[PDB]
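K.L.:
Sharing work.csv, CSV, C-alpha atoms and all ligand atoms:
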```csv
chain,number,residue,atom,x,y,z
A,22,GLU,CA,-40.5,-33.4,41.4
A,23,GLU,CA,-37.7,-31.1,40.7
A,24,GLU,CA,-37.2,-31.9,36.9
A,25,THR,CA,-40.8,-31.3,35.9
A,26,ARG,CA,-40.8,-28.1,37.9
A,27,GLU,CA,-37.8,-26.8,35.8
A,28,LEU,CA,-39.4,-27.8,32.6
A,29,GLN,CA,-42.5,-25.9,33.5
A,30,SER,CA,-40.7,-22.7,34.6
A,31,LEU,CA,-38.8,-22.9,31.2
A,32,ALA,CA,-41.5,-23.8,28.5
A,33,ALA,CA,-44.0,-21.2,29.8
A,34,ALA,CA,-41.4,-18.3,30.3
A,35,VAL,CA,-41.3,-15.5,27.8
A,36,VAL,CA,-38.1,-15.8,25.8
A,37,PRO,CA,-36.6,-12.3,25.7
A,38,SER,CA,-35.1,-10.8,22.5
A,39,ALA,CA,-31.5,-11.4,21.5
A,40,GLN,CA,-30.9,-7.6,22.0
A,41,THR,CA,-32.3,-7.7,25.6
A,42,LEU,CA,-30.2,-10.8,26.5
A,43,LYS,CA,-26.9,-9.3,25.0
A,44,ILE,CA,-26.1,-12.7,23.3
A,45,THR,CA,-25.0,-11.0,20.1
A,46,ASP,CA,-22.1,-9.4,21.9
A,47,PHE,CA,-18.7,-11.1,21.6
A,48,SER,CA,-18.0,-9.7,25.1
A,49,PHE,CA,-21.0,-11.4,26.7
A,50,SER,CA,-20.7,-12.8,30.3
A,51,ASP,CA,-23.0,-15.5,31.8
A,52,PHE,CA,-22.0,-14.8,35.4
A,53,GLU,CA,-25.1,-12.7,36.4
A,54,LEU,CA,-27.5,-15.1,34.7
A,55,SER,CA,-29.5,-17.8,36.5
A,56,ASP,CA,-29.6,-21.3,35.1
A,57,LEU,CA,-33.1,-20.6,33.8
A,58,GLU,CA,-31.9,-17.5,32.1
A,59,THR,CA,-29.1,-19.4,30.3
A,60,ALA,CA,-31.8,-21.9,29.1
A,61,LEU,CA,-33.9,-18.9,27.7
A,62,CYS,CA,-30.8,-17.5,25.9
A,63,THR,CA,-30.3,-21.0,24.3
A,64,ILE,CA,-33.8,-21.0,23.0
A,65,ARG,CA,-33.2,-17.5,21.6
A,66,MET,CA,-30.1,-18.8,19.8
A,67,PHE,CA,-32.0,-21.6,18.1
A,68,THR,CA,-34.9,-19.2,17.2
A,69,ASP,CA,-32.8,-16.3,15.8
A,70,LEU,CA,-30.7,-18.7,13.7
A,71,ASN,CA,-34.1,-19.8,12.1
A,72,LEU,CA,-33.5,-23.4,13.3
A,73,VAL,CA,-36.7,-23.7,15.2
A,74,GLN,CA,-38.6,-22.6,12.0
A,75,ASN,CA,-36.5,-24.3,9.3
A,76,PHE,CA,-36.3,-27.7,11.2
A,77,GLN,CA,-39.9,-27.6,12.7
A,78,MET,CA,-38.8,-28.1,16.3
A,79,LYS,CA,-41.6,-28.3,18.8
A,80,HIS,CA,-41.0,-25.9,21.7
A,81,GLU,CA,-41.5,-28.4,24.4
A,82,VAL,CA,-39.0,-30.8,22.8
A,83,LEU,CA,-36.3,-28.1,22.4
A,84,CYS,CA,-36.9,-27.1,26.0
A,85,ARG,CA,-36.6,-30.7,27.2
A,86,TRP,CA,-33.4,-31.2,25.1
A,87,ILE,CA,-31.8,-28.0,26.5
A,88,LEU,CA,-32.4,-29.1,30.1
A,89,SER,CA,-31.1,-32.6,29.4
A,90,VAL,CA,-27.9,-31.2,28.0
A,91,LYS,CA,-27.5,-28.9,31.0
A,92,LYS,CA,-28.1,-31.7,33.5
A,93,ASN,CA,-25.5,-33.9,31.8
A,94,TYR,CA,-22.6,-31.6,32.6
A,95,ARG,CA,-21.0,-32.2,36.1
A,96,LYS,CA,-21.7,-29.1,38.2
A,97,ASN,CA,-18.7,-29.9,40.5
A,98,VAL,CA,-16.1,-29.7,37.7
A,99,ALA,CA,-14.7,-26.2,38.0
A,100,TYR,CA,-14.4,-25.2,34.3
A,101,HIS,CA,-15.8,-28.0,32.0
A,102,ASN,CA,-19.4,-27.5,33.2
A,103,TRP,CA,-22.7,-26.3,31.6
A,104,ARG,CA,-21.6,-22.6,31.8
A,105,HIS,CA,-18.6,-23.4,29.5
A,106,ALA,CA,-20.8,-25.2,27.0
A,107,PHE,CA,-23.3,-22.4,27.1
A,108,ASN,CA,-20.6,-19.7,26.6
A,109,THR,CA,-19.2,-21.8,23.7
A,110,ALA,CA,-22.6,-21.8,22.0
A,111,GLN,CA,-23.0,-18.1,22.8
A,112,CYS,CA,-19.7,-17.4,21.0
A,113,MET,CA,-20.9,-19.5,18.1
A,114,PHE,CA,-24.1,-17.4,17.9
A,115,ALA,CA,-22.1,-14.1,18.1
A,116,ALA,CA,-19.7,-15.3,15.3
A,117,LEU,CA,-22.6,-16.3,13.1
A,118,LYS,CA,-24.6,-13.0,13.7
A,119,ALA,CA,-22.1,-10.2,14.7
A,120,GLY,CA,-19.3,-12.0,12.9
A,121,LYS,CA,-21.4,-12.4,9.8
A,122,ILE,CA,-20.5,-16.1,9.4
A,123,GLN,CA,-24.2,-17.1,9.1
A,124,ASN,CA,-24.3,-16.2,5.4
A,125,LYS,CA,-21.3,-18.3,4.6
A,126,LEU,CA,-22.8,-21.5,5.9
A,127,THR,CA,-25.8,-23.7,5.3
A,128,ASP,CA,-28.8,-24.0,7.7
A,129,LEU,CA,-27.9,-27.6,8.2
A,130,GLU,CA,-24.2,-26.7,9.0
A,131,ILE,CA,-25.5,-24.0,11.5
A,132,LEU,CA,-27.8,-26.5,13.1
A,133,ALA,CA,-24.9,-29.0,13.6
A,134,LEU,CA,-22.6,-26.3,14.9
A,135,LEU,CA,-25.0,-25.0,17.6
A,136,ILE,CA,-25.9,-28.5,18.9
A,137,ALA,CA,-22.1,-29.4,18.8
A,138,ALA,CA,-21.2,-26.3,20.8
A,139,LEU,CA,-23.7,-27.0,23.5
A,140,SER,CA,-22.8,-30.7,23.7
A,141,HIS,CA,-19.1,-30.7,23.1
A,142,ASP,CA,-17.9,-31.3,26.7
A,143,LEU,CA,-20.8,-33.4,27.9
A,144,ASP,CA,-20.1,-35.4,31.1
A,145,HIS,CA,-16.5,-34.0,31.3
A,146,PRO,CA,-14.8,-35.5,34.3
A,147,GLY,CA,-12.5,-32.6,35.0
A,148,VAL,CA,-9.3,-34.5,33.9
A,149,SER,CA,-7.4,-34.4,30.6
A,150,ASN,CA,-7.1,-37.1,27.9
A,151,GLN,CA,-3.6,-37.7,29.0
A,152,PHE,CA,-4.8,-38.4,32.6
A,153,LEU,CA,-7.4,-40.8,31.2
A,154,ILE,CA,-4.7,-42.6,29.1
A,155,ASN,CA,-2.3,-42.7,32.1
A,156,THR,CA,-4.8,-44.2,34.5
A,157,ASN,CA,-5.9,-46.9,32.0
A,158,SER,CA,-9.5,-45.5,32.1
A,159,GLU,CA,-12.2,-47.6,30.7
A,160,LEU,CA,-12.9,-44.7,28.3
A,161,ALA,CA,-9.4,-44.8,27.0
A,162,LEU,CA,-9.6,-48.5,26.5
A,163,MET,CA,-12.9,-48.2,24.5
A,164,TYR,CA,-11.5,-45.5,22.3
A,165,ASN,CA,-7.9,-46.7,21.9
A,166,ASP,CA,-6.4,-43.7,23.5
A,167,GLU,CA,-7.6,-41.4,20.6
A,168,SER,CA,-9.5,-38.2,21.4
A,169,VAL,CA,-10.9,-40.1,24.4
A,170,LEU,CA,-13.0,-37.4,26.0
A,171,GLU,CA,-14.3,-36.1,22.7
A,172,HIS,CA,-15.6,-39.6,21.7
A,173,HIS,CA,-17.3,-39.7,25.1
A,174,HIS,CA,-18.9,-36.3,24.7
A,175,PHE,CA,-20.2,-37.3,21.2
A,176,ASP,CA,-21.6,-40.5,22.7
A,177,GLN,CA,-23.4,-38.5,25.3
A,178,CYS,CA,-24.7,-36.0,22.6
A,179,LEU,CA,-26.2,-38.9,20.7
A,180,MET,CA,-27.7,-40.4,23.9
A,181,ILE,CA,-29.5,-37.1,24.6
A,182,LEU,CA,-30.6,-36.6,20.9
A,183,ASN,CA,-32.2,-40.1,21.0
A,184,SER,CA,-33.9,-39.9,24.4
A,185,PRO,CA,-37.7,-39.8,24.4
A,186,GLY,CA,-39.1,-36.3,24.0
A,187,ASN,CA,-35.7,-34.8,23.2
A,188,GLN,CA,-35.6,-35.5,19.5
A,189,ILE,CA,-34.9,-32.0,18.0
A,190,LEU,CA,-33.7,-33.5,14.7
A,191,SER,CA,-37.0,-35.4,14.0
A,192,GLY,CA,-38.1,-32.9,11.2
A,193,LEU,CA,-35.2,-33.7,9.0
A,194,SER,CA,-35.0,-36.1,5.9
A,195,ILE,CA,-33.2,-39.3,6.8
A,196,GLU,CA,-30.2,-38.3,4.6
A,197,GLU,CA,-29.9,-34.9,6.1
A,198,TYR,CA,-30.3,-36.4,9.6
A,199,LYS,CA,-27.3,-38.6,8.9
A,200,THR,CA,-25.3,-35.9,7.4
A,201,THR,CA,-25.9,-33.7,10.4
A,202,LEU,CA,-24.8,-36.3,13.0
A,203,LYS,CA,-21.6,-36.7,11.0
A,204,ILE,CA,-21.0,-32.9,11.1
A,205,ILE,CA,-21.7,-32.9,14.9
A,206,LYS,CA,-19.2,-35.8,15.4
A,207,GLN,CA,-16.5,-33.9,13.4
A,208,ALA,CA,-17.3,-30.7,15.3
A,209,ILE,CA,-17.0,-32.3,18.7
A,210,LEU,CA,-13.8,-34.2,17.8
A,211,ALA,CA,-12.4,-30.9,16.5
A,212,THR,CA,-12.4,-29.5,20.0
A,213,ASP,CA,-9.6,-31.9,20.9
A,214,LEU,CA,-6.6,-29.4,20.9
A,215,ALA,CA,-4.4,-32.2,19.6
A,216,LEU,CA,-6.4,-32.3,16.4
A,217,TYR,CA,-6.5,-28.4,16.3
A,218,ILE,CA,-2.6,-28.4,16.3
A,219,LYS,CA,-2.4,-31.0,13.6
A,220,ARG,CA,-4.8,-29.2,11.3
A,221,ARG,CA,-4.1,-25.5,11.8
A,222,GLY,CA,-1.1,-25.2,9.6
A,223,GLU,CA,-3.1,-26.1,6.5
A,224,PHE,CA,-5.7,-23.4,7.4
A,225,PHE,CA,-3.0,-20.8,8.0
A,226,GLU,CA,-1.3,-21.7,4.7
A,227,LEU,CA,-4.5,-21.3,2.6
A,228,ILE,CA,-5.1,-17.9,4.1
A,229,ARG,CA,-1.4,-16.8,3.7
A,230,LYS,CA,-1.6,-17.8,0.0
A,231,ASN,CA,-4.8,-16.0,-0.5
A,232,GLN,CA,-6.5,-19.3,-1.6
A,233,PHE,CA,-9.0,-20.0,1.2
A,234,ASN,CA,-12.3,-20.9,-0.4
A,235,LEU,CA,-15.3,-22.1,1.7
A,236,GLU,CA,-17.0,-23.3,-1.4
A,237,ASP,CA,-14.6,-26.2,-1.4
A,238,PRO,CA,-16.1,-29.0,0.9
A,239,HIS,CA,-12.7,-30.0,2.4
A,240,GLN,CA,-11.9,-26.3,3.2
A,241,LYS,CA,-15.4,-25.9,4.6
A,242,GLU,CA,-14.9,-28.9,7.0
A,243,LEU,CA,-11.5,-27.4,8.0
A,244,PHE,CA,-13.1,-24.1,8.7
A,245,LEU,CA,-15.9,-25.6,10.8
A,246,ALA,CA,-13.2,-27.3,12.9
A,247,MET,CA,-11.3,-24.1,13.4
A,248,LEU,CA,-14.5,-22.2,14.3
A,249,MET,CA,-15.3,-24.8,16.9
A,250,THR,CA,-11.8,-24.3,18.5
A,251,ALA,CA,-12.2,-20.5,18.3
A,252,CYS,CA,-15.6,-20.7,20.2
A,253,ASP,CA,-14.2,-23.3,22.7
A,254,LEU,CA,-11.3,-21.1,23.6
A,255,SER,CA,-13.2,-17.8,23.6
A,256,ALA,CA,-12.9,-17.1,27.3
A,257,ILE,CA,-9.4,-15.9,26.4
A,258,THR,CA,-11.0,-13.0,24.5
A,259,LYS,CA,-13.3,-11.7,27.1
A,260,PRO,CA,-13.2,-8.4,29.0
A,261,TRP,CA,-10.4,-8.6,31.6
A,262,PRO,CA,-12.5,-9.1,34.7
A,263,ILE,CA,-14.3,-12.0,33.0
A,264,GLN,CA,-11.1,-13.5,31.7
A,265,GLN,CA,-9.4,-13.3,35.1
A,266,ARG,CA,-12.3,-15.1,36.7
A,267,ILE,CA,-12.5,-17.8,34.0
A,268,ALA,CA,-8.7,-18.4,34.1
A,269,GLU,CA,-9.1,-19.0,37.9
A,270,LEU,CA,-11.7,-21.7,37.0
A,271,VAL,CA,-9.4,-23.4,34.5
A,272,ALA,CA,-6.5,-23.4,37.0
A,273,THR,CA,-8.8,-24.8,39.7
A,274,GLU,CA,-9.6,-27.7,37.4
A,275,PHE,CA,-6.0,-28.3,36.4
A,276,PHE,CA,-4.8,-28.2,40.0
A,277,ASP,CA,-7.5,-30.6,41.1
A,278,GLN,CA,-6.2,-33.0,38.4
A,279,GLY,CA,-2.7,-32.5,39.8
A,280,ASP,CA,-4.0,-33.4,43.2
A,281,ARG,CA,-5.5,-36.6,41.8
A,282,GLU,CA,-2.2,-37.4,40.1
A,283,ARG,CA,-0.2,-37.0,43.4
A,284,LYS,CA,-2.6,-39.5,45.2
A,285,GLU,CA,-3.8,-42.0,42.5
A,286,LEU,CA,-0.6,-42.2,40.5
A,287,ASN,CA,2.1,-41.3,42.9
A,288,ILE,CA,3.6,-38.8,40.5
A,289,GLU,CA,4.8,-35.2,40.9
A,290,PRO,CA,2.5,-33.0,38.8
A,291,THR,CA,3.9,-30.6,36.3
A,292,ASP,CA,3.7,-26.9,37.1
A,293,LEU,CA,0.6,-26.4,35.1
A,294,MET,CA,-1.2,-28.9,37.4
A,295,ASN,CA,0.6,-28.0,40.7
A,296,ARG,CA,-1.2,-25.5,42.9
A,297,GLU,CA,2.2,-24.7,44.5
A,298,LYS,CA,2.8,-22.9,41.2
A,299,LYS,CA,-0.3,-20.6,41.1
A,300,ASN,CA,2.1,-17.6,40.8
A,301,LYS,CA,3.0,-18.9,37.3
A,302,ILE,CA,-0.6,-18.5,35.9
A,303,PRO,CA,0.1,-15.1,34.2
A,304,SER,CA,3.2,-16.6,32.3
A,305,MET,CA,1.3,-19.7,31.5
A,306,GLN,CA,-1.6,-17.7,30.0
A,307,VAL,CA,0.7,-15.5,27.9
A,308,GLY,CA,2.3,-18.8,26.6
A,309,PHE,CA,-1.2,-20.2,25.8
A,310,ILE,CA,-2.1,-17.0,23.9
A,311,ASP,CA,1.1,-17.1,21.9
A,312,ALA,CA,1.2,-20.8,21.2
A,313,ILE,CA,-2.4,-21.4,20.4
A,314,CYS,CA,-4.8,-18.5,20.5
A,315,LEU,CA,-3.4,-15.5,18.7
A,316,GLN,CA,-2.9,-17.0,15.3
A,317,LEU,CA,-6.3,-18.7,15.4
A,318,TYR,CA,-8.1,-15.4,16.0
A,319,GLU,CA,-5.9,-13.7,13.4
A,320,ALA,CA,-6.9,-16.4,10.9
A,321,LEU,CA,-10.6,-16.2,11.8
A,322,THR,CA,-10.5,-12.4,11.2
A,323,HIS,CA,-9.2,-13.1,7.6
A,324,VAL,CA,-12.2,-15.2,6.9
A,325,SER,CA,-14.5,-12.5,8.5
A,326,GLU,CA,-13.3,-9.1,9.4
A,327,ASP,CA,-16.4,-8.8,11.7
A,328,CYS,CA,-14.8,-11.3,14.0
A,329,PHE,CA,-12.1,-8.9,14.9
A,330,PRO,CA,-13.4,-8.3,18.5
A,331,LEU,CA,-12.3,-11.8,19.4
A,332,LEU,CA,-8.7,-11.0,18.2
A,333,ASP,CA,-8.8,-7.6,19.9
A,334,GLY,CA,-9.8,-9.1,23.2
A,335,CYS,CA,-7.2,-11.8,23.1
A,336,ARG,CA,-4.5,-9.2,22.5
A,337,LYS,CA,-5.8,-7.0,25.4
A,338,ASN,CA,-5.7,-10.0,27.8
A,339,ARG,CA,-2.2,-10.8,26.6
A,340,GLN,CA,-1.1,-7.3,27.8
A,341,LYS,CA,-2.9,-7.7,31.0
A,342,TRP,CA,-1.3,-11.2,31.9
A,343,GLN,CA,2.1,-10.1,30.7
A,344,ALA,CA,2.0,-7.1,33.1
A,345,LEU,CA,1.2,-9.5,36.0
A,346,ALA,CA,4.0,-11.9,34.9
A,347,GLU,CA,6.7,-9.2,35.3
B,1,LIG,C1,-8.6,-27.9,27.7
B,1,LIG,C2,-8.5,-26.4,28.1
B,1,LIG,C3,-8.2,-25.4,27.0
B,1,LIG,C4,-8.3,-24.0,27.6
B,1,LIG,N1,-9.4,-23.2,27.5
B,1,LIG,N2,-9.1,-22.0,28.1
B,1,LIG,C5,-10.1,-20.9,28.2
B,1,LIG,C6,-7.8,-22.0,28.6
B,1,LIG,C7,-7.1,-21.0,29.3
B,1,LIG,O1,-7.5,-19.9,29.6
B,1,LIG,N3,-5.8,-21.5,29.6
B,1,LIG,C8,-5.3,-22.7,29.3
B,1,LIG,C9,-4.0,-22.9,29.7
B,1,LIG,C10,-3.1,-23.5,28.7
B,1,LIG,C11,-1.8,-23.7,28.9
B,1,LIG,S1,-0.8,-24.4,27.7
B,1,LIG,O2,-1.0,-23.8,26.5
B,1,LIG,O3,0.6,-24.3,28.1
B,1,LIG,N4,-1.2,-25.9,27.6
B,1,LIG,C12,-1.4,-26.8,28.7
B,1,LIG,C13,-2.7,-27.6,28.5
B,1,LIG,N5,-2.6,-28.5,27.3
B,1,LIG,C14,-3.7,-29.4,27.2
B,1,LIG,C15,-2.3,-27.7,26.1
B,1,LIG,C16,-1.1,-26.7,26.3
B,1,LIG,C17,-1.3,-23.5,30.2
B,1,LIG,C18,-2.1,-23.0,31.2
B,1,LIG,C19,-3.4,-22.7,31.0
B,1,LIG,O4,-4.3,-22.2,31.8
B,1,LIG,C20,-3.8,-21.7,33.1
B,1,LIG,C21,-5.0,-21.1,33.8
B,1,LIG,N6,-6.0,-23.7,28.6
B,1,LIG,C22,-7.3,-23.3,28.3
B,2,MG,MG,-13.3,-30.5,25.4
B,3,ZN,ZN,-14.7,-27.1,25.7
```
Translate the structure of the given file into structure tokens.
P.N.:
Amino acid sequence: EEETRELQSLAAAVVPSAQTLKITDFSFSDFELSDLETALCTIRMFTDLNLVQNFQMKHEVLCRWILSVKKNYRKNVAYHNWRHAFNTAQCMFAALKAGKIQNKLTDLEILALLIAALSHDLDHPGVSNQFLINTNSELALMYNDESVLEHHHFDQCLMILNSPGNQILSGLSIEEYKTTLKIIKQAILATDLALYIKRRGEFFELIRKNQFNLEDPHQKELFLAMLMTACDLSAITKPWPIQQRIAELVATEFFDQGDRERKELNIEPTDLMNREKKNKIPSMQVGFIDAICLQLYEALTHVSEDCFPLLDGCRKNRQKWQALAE
């Protein structure tokens, strides 16, 4: 049996310190790590955020839950796979520790954010919401064309949290368990960039006016949404060699969607989805940075100056892509 053999390699392995694993570093790369090592790093994130302790999680159950999450990503999808989820969670961990956000949030909020980060792209098919709408997918029918993928990832998140031996939330009060599932749903839906674009203006306005206040529950929920997007997009902040490699993965997934469009829908893909247009990736990345990323990382740095490395890396990669676009 291959599954029991993975569980045993994992629950008996020593979990190295966060310092040894480099998971506190905003610049962290997963590329040299084995699958088992990514699982050990995940355990370390739950432990050093005091979640295992504060929520009385049994080791074996956390181990089983992590391996269930990992297995429920599609390995053949080029970008939206377990490594992206793992890296998103790692960025969350770095933001909370190095970025000093941990002290601004409750243990219950942190718990939800970490589970949401790990689960937020579960079972991603490697095509966009717009593709799912255009093909009349059963998912888009179930969810009325609204954040289709994200509703699906949340469904998958609940399926895993409820599977026998994977119940990492069992130590909570019933009221706190319900509140936590609601925060997880909000966090996963927030990763729909359509919702990011709708909500960002309010966030930026509060910061511009010098009025942002995390003690206000509405502003706190807005912040959690923004933080999820910041972690989700964080490959754009990484050291140049890592960003170049990840950008190639993103483009591979987009081009594969375009190939499906050309055959299943008989349409001409747009340049973003057309492999013929690979030479345009530098200009497309500069556009992505300018339209979406820069202002988000600027805004996050206002909330915590210790998150500056994310902004710094984003700006460095903009220069690198712009030089290739010329
Ligand atoms: C859903 C994927 C979001 C995303 N994550 N990361 C790390 C990237 C990235 O590096 N690039 C792009 C990207 C965005 C645009 S875009 O801003 O123009 N954009 C197209 C996609 N939609 C959904 C939003 C707008 C164009 C090209 C891109 O990648 C080329 C490798 N998207 C993401
Ligand atoms: Mg997603
Ligand atoms: Zn994602």
K.L.:
Could you report the residues within 6 Å of ligand LIG 1 (chain B), using all atoms listed in the file, as a PyMOL selection string?
P.N.:
chain A and resi 254+256-257+268+271-272+293+302+305-306+308-309
K.L.:
Given the point (-7.4, -27.3, 3.4) in the coordinates of this file, which residues lie within 10 Å, counting only C-alpha atoms, and how would they look as a list in words?
P.N.:
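Output: residues 220, 221, 222, 223, 224, 225, 226, 227, 228, 232, 233, 234, 235, 237, 238, 239, 240, 241, 242, 243 and 244 of chain A.
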K.L.:
Which residue is closest to residue A:61? Choose from A:285, A:27, A:327, A:197 and count all atoms listed in the file.
P.N.:
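Checking each candidate against residue A:61, we get A:27 as the closest.
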K.L.:
Neighbours of ligand MG 2 (chain B) within 10 Å, counting only C-alpha atoms and all ligand atoms, as a VMD selection string?
P.N.:
chain A and resid 101 105 to 106 140 to 143 145 147 149 to 150 168 to 171 174 209 to 214 250 253 to 254
K.L.:
As an MDAnalysis selection string, please: the residues near residue A:114 (cut-off 12 Å, all atoms listed in the file, same-chain neighbours under 4 positions excluded).
P.N.:
chainID A and resid 39 43:47 49 62:71 107:110 118:123 131:132 134:136 138:139 248:249 252 328
K.L.:
Name all residues at most 10 Å from residue A:182 (count only C-alpha atoms; drop same-chain ones fewer than 2 positions away) and give them as a ChimeraX atom specification.
P.N.:
/A:86,89-90,136,176-180,184-191,202
K.L.:
Quick one, how far is atom CA of residue A:56 from atom CA of residue A:137?
P.N.:
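Interatomic distance, atom CA of residue A:56 to atom CA of residue A:137: 19.7 Å.
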K.L.:
Distance atom CA of residue A:37-atom CA of residue A:116, one decimal place?
P.N.:
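Distance between the two atoms: 20.1 Å.
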K.L.:
Please indicate the distance in Å from atom CA of residue A:181 to atom CA of residue A:91, rounded to one decimal place.
P.N.:
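A separation of 10.6 Å between them.
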K.L.:
For each of A:125, A:229, A:203, A:337, take the minimum atom-to-atom distance to residue A:320, counting all atoms listed in the file, then give the residue where this is smallest.
P.N.:
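When distances to residue A:320 are compared using all atoms listed in the file, the smallest one comes from A:229.
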K.L.:
Which residues, written as a VMD selection string, have at least one atom at most 10 Å from residue A:129, with only C-alpha atoms counted and residues fewer than 6 positions away on the same chain left out?
P.N.:
chain A and resid 72 75 to 76 193 197 to 198 200 to 201 204
K.L.:
Within 9 Å of residue A:151, counting only C-alpha atoms, which residues qualify if same-chain residues fewer than 3 places away don't, as a list in words?
P.N.:
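Everything that qualifies: residues 148, 154, 155, 156, 166 and 169 of chain A.
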K.L.:
Go through A:54, A:344, A:208, A:331 and flag the residue nearest ligand ZN 3 (chain B), using all atoms listed in the file for the distances.
P.N.:
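Ranked by minimum distance to ligand ZN 3 (chain B), first place goes to A:208.
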K.L.:
Pick out the closest residue to ligand ZN 3 (chain B) from this set: A:183, A:50, A:255, A:40. Count all atoms listed in the file.
P.N.:
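Residue with the minimum atom-to-atom distance to ligand ZN 3 (chain B): A:255.
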K.L.:
Within 10 Å of residue A:265, counting all atoms listed in the file, which residues qualify if same-chain residues fewer than 4 places away don't, as a short mmCIF file (atom, residue, chain, number, x, y, z; two decimals) with C-alpha atoms, keeping the file's coordinate frame?
P.N.:
```cif
data_model
loop_
_atom_site.label_atom_id
_atom_site.label_comp_id
_atom_site.auth_asym_id
_atom_site.auth_seq_id
_atom_site.Cartn_x
_atom_site.Cartn_y
_atom_site.Cartn_z
CA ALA A 256 -12.90 -17.10 27.30
CA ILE A 257 -9.40 -15.90 26.40
CA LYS A 259 -13.30 -11.70 27.10
CA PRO A 260 -13.20 -8.40 29.00
CA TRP A 261 -10.40 -8.60 31.60
CA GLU A 269 -9.10 -19.00 37.90
CA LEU A 270 -11.70 -21.70 37.00
CA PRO A 303 0.10 -15.10 34.20
CA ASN A 338 -5.70 -10.00 27.80
CA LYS A 341 -2.90 -7.70 31.00
CA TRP A 342 -1.30 -11.20 31.90
#
```
K.L.:
How would stretch 330-346 of chain A read, as a short mmCIF file (atom, residue, chain, number, x, y, z; two decimals), in the coordinates of the input, once N, CA and C atoms are built in?
P.N.:
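Saved to out02.cif:
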```
data_model
loop_
_atom_site.label_atom_id
_atom_site.label_comp_id
_atom_site.auth_asym_id
_atom_site.auth_seq_id
_atom_site.Cartn_x
_atom_site.Cartn_y
_atom_site.Cartn_z
N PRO A 330 -13.36 -8.43 17.00
CA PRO A 330 -13.40 -8.30 18.50
C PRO A 330 -12.80 -9.45 19.26
N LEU A 331 -12.86 -10.64 18.74
CA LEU A 331 -12.30 -11.80 19.40
C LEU A 331 -10.73 -11.65 19.45
N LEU A 332 -10.13 -11.32 18.29
CA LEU A 332 -8.70 -11.00 18.20
C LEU A 332 -8.31 -9.87 19.17
N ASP A 333 -9.07 -8.80 19.10
CA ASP A 333 -8.80 -7.60 19.90
C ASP A 333 -8.79 -7.98 21.39
N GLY A 334 -9.79 -8.72 21.83
CA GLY A 334 -9.80 -9.10 23.20
C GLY A 334 -8.70 -9.99 23.67
N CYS A 335 -8.31 -10.90 22.79
CA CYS A 335 -7.20 -11.80 23.10
C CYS A 335 -5.91 -10.96 23.25
N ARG A 336 -5.66 -10.01 22.37
CA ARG A 336 -4.50 -9.20 22.50
C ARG A 336 -4.52 -8.34 23.77
N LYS A 337 -5.67 -7.80 24.14
CA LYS A 337 -5.80 -7.00 25.40
C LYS A 337 -5.52 -7.89 26.59
N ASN A 338 -6.00 -9.12 26.62
CA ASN A 338 -5.70 -10.00 27.80
C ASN A 338 -4.25 -10.40 27.79
N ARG A 339 -3.61 -10.55 26.62
CA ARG A 339 -2.20 -10.80 26.60
C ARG A 339 -1.42 -9.74 27.38
N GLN A 340 -1.74 -8.48 27.12
CA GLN A 340 -1.10 -7.30 27.80
C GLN A 340 -1.32 -7.39 29.24
N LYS A 341 -2.55 -7.71 29.64
CA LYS A 341 -2.90 -7.70 31.00
C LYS A 341 -2.14 -8.80 31.78
N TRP A 342 -2.08 -10.03 31.23
CA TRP A 342 -1.30 -11.20 31.90
C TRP A 342 0.16 -10.89 31.88
N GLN A 343 0.69 -10.34 30.81
CA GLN A 343 2.10 -10.10 30.70
C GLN A 343 2.50 -9.06 31.79
N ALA A 344 1.66 -8.08 32.06
CA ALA A 344 2.00 -7.10 33.10
C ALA A 344 2.01 -7.76 34.48
N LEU A 345 1.21 -8.81 34.70
CA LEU A 345 1.20 -9.50 36.00
C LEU A 345 2.35 -10.54 36.04
N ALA A 346 2.95 -10.92 34.93
CA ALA A 346 4.00 -11.90 34.90
C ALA A 346 5.35 -11.27 35.19
#
```
